[PDB]
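What follows are structure tokens for two forms of the same protein chain, given separately as structure 1 and structure 2.
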Structure 1
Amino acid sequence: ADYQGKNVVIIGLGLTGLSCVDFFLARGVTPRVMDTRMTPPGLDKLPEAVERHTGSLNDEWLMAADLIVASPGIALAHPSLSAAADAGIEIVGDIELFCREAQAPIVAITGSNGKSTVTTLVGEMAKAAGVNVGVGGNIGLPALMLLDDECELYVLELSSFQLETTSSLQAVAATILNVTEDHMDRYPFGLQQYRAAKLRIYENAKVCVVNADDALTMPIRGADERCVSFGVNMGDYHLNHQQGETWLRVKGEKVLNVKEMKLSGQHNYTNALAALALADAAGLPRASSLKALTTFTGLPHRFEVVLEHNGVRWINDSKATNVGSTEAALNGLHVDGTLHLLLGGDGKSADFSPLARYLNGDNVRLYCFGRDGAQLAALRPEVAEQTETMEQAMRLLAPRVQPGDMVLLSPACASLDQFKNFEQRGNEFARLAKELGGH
């Protein structure tokens, strides 16, 4: 694409917006940047030559633009951005800018849960085959920073927000892993509007990898000749549960006994199936892809044991930012004593009621904090405490922890009401777990 001489306006002074500033400046185009927040996090990292506007969107700049580049955190429905769209001004995101430049095949992964795990697994499968791979997107490395003439494969984690502003993605293989309620504060037409955003990932994809157990993952006009499926008891890629033993199978053939994996849990076995299906579709050798499933140890903040001491496990699942993710932590969870569950933050208008069925019985205590703490404590008030902060909650629960207990941060909410990012939340939990749970 050619941006020379164009009036380019970037919305959002966070990670994405800064990556876009650098992208345009490296091509000789000086953009302008705006953000609705008075003091956005990237403000002090912005090059001195770039004009900036904070505290609101600037309609003089938007209506003058030839190209608007919207960070995923700004809604297209914002009245100023909707007005620019009504005037026919082109609006794209960083993923669109990336797709217009990329010169290697793209594997594209979305879904409500499991995206970073599957994205990282496909990257590891590529590395095991000796492929120069770039892994990024919503996982936290902005995609424009991956562009490299020597890269042989890109693996992108994509959010619904990023997909809304993307029109030129033609993935070699694309998946929606699952669709469960999230981001409802951004989707006022509800679950099907959120789904519609994700369904964009399949447009012009060579192979679509769908979840046979989740009908909302199937393409917009229905499953077609491009579609390969994964699932538990059915699918092209599926599981088989022998006597105390689980295998990954592909079209009637065993490929891996999951005892060789370092991850566990049925949802991680279906994540492994989805990753294998994507890698197969990208042409990666099966043997090296299977090897990578056995070496991958998991990601920080995803059901991460940060301390095991005195018979207590302290588990950082800060990446559980929606109900479905916390459900995956609780479903089938084994705790010898009491589960001390930390819930809270920015609930994004979620209905938390699906969690209540996991919170019965005599061995569960809730510690609820942040913006929506009260709504979480209402799941079962008789076992719940509410604090302002996670630190207060941890200092409250720590004296009550007995050998055999589990302390689980799986908050079902985003972190931005009180933290810079979910990593800061998990890191603070880990620091407090070490202080309160160790000698």
Structure 2
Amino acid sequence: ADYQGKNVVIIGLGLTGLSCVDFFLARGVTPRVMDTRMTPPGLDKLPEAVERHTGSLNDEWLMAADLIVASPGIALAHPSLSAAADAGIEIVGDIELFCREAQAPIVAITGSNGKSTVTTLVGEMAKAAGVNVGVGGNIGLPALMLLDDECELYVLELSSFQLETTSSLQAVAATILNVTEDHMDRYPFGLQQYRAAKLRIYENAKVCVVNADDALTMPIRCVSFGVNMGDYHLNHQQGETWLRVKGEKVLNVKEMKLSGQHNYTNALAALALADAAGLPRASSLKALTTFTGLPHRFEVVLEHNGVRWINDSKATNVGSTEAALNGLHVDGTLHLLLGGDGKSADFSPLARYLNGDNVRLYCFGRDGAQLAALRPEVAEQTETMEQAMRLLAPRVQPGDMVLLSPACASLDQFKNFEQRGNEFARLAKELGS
């Protein structure tokens, strides 16, 4: 596209807004920038040449614009933006700017949970094939920074927020991995409005990769991945689990370094995207055998005396923990650590996994009582995670799992979920060896 002599206004001064400033300056277009916050985090980083307005939006700036570029952190529904829209001022985001310039195919990944896992893994499959792959987007490297004449494949993790402002994506392959209640402040009309944002990812996609077990991932009007069914699925038989693709065995899950049924379906989704993108199968399968997974994502920290200790500290929401529980095949007793800051979540969806004779809950942190209320008869409540671990550890037996998948933010007691996971891992080594 050509922005020569346009009046461009960028809203938001975080990573996105700055990558947009860089993008326009590199084309000799000088944008203006604003942010509703007085001192947004990217303010320091801004070139001195750039006019800026902080502490509020500048409506006269907005209304005089030829193009408004909106960071994903501000709602299109913002009264200032709907007024620009009503003035017929074009509004786009960074992903839109990106798709107009990109000269290599795009794999596009969205969904409530699993995005970074699946995005990373598709990158690893491309790397294993010797492809110059650009991985970025929501994962944390702003997409505009990936733009590179030598790049042969882009792999973009995309949020609902980014998809809302994007109209030219034509992905060689696109997925919604799953849809569970998230960011609901941004979606006052409820689960279907959140879902509808995500569904845009498929428009003009060459292959849609859908989740056979989650209807919400399907266009209302494909290739599928699934646990029991789908083009890409898992096949458990004679004591083994296999990846199946179009009815063929392609890999024994034992050859992967990932654990957890939902990580195996992530592996299937990634494989499906890589196949659609024309990556060689043999190298993609190879990436499945070498990929260790991201830290704190259902991450095995220790297997010893027939007990698996699993750090799923990144599970800060109900949907993540639910996926963890749903895929479990524990021979002995599950010891499940829950709690922290529940962010007013509804924990009911967890309860159906917590029946029968072989589950114990160890609930801690700010909202531990809400989590124990899931099933008080089998729940301990402590102040801290460490206390919970010192209660459960003397009880573990061969065949058991100890799972930290707390369904809650960690911010009431920890710096962040990573500290919580690292603390869990240290205790697990101490108490599990």
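Whichever C-alpha set is largest while still superposing within 1.5 Å between the two forms counts as the rigid core. One-based numbering along structure 1's sequence throughout.
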item	value
Per-residue rigid-part match between the two structures, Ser349 to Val135	no
Angle, in °, that the smaller rigid part sweeps relative to the larger one between the two structures	30
Shift in Å of the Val9 Cα between the two structures [rigid core superposition]	0.2
Cα shift between the two structures at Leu376, which is computed once both forms share a superposed rigid core (Å)	7.6
Cα displacement of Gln242 between the two structures, core-superposed (Å)	2.6
